[PDB]
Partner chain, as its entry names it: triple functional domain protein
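Below sits a lone chain in structure tokens, taken as the form solved without its partner chain.
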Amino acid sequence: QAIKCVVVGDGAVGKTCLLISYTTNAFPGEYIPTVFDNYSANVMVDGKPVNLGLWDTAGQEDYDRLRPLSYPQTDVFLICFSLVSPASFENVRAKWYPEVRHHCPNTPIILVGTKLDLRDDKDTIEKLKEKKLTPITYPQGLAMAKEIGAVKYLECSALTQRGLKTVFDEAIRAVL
């Protein structure tokens, strides 16, 4: 079964790394901003084989009139935000949930907190502290998910791969 999955979210949240770590079991060298890339993976979820078409989108605001072109016939959306960027988190409800629902009213949304490894990280906590900012907790993620009518909230690290397979397993489970 062919399943189309589109990934959106603010620039630098870890969309590309998420997709490349999942499909190749390797974390990308540098940070090259995505224009548009196309990945695929053969998955087995609950006894079913699936062709998972993964569509990587640009998080830069410049591509606002270009991004909705990826949206038709989408089976499941991943809206991504960094657990370590409150700003990216606020934009889940301010930008990404509205943009997805204006074009795809019904398509299931999975909300995905990325960079889980960085949540308990010393340098990062302290760097957010100096701006009177704090990492996004799990309860807040779940409330945001309910807020945007997401079908699942999941947390993962593209770096350690912690929670990474479940993201896509649940993405497929929201279509099936």
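Here, rigid core means the biggest group of C-alpha atoms that superpose within 1.5 Å across both forms. Numbering follows the first chain given and starts at 1.
The same protein also has a form deposited with its partner chain bound, omitted here; what follows describes it.
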{"property": "Proximity of residue 64 to its partner chain in the deposited complex, heavy atoms at 4.5 Å", "result": "yes"}
{"property": "Interface membership of residue 134, its partner chain in the deposited complex, 4.5 Å heavy atom rule", "result": "no"}
{"property": "Residue 58 within 4.5 Å of its partner chain in the deposited complex, heavy atoms", "result": "yes"}
{"property": "In the deposited complex, residue 107 touching its partner chain (heavy atom, 4.5 Å)", "result": "no"}
{"property": "Residues from 27-49 in contact with its partner chain (non-hydrogen atom within 4.5 Å) in the deposited complex", "result": "30, 31, 33, 34, 35, 37, 38, 40"}
{"property": "Core-aligned C-alpha movement of residue 29 between this form and the one not shown, 2 Å or more", "result": "yes"}
{"property": "Direction of the Cα shift between residue 33 and residue 9 in the deposited complex, where the change is 3 Å or more", "result": "farther"}
{"property": "Direction of the Cα shift between residue 33 and residue 131 in the deposited complex, where the change is 3 Å or more", "result": "farther"}
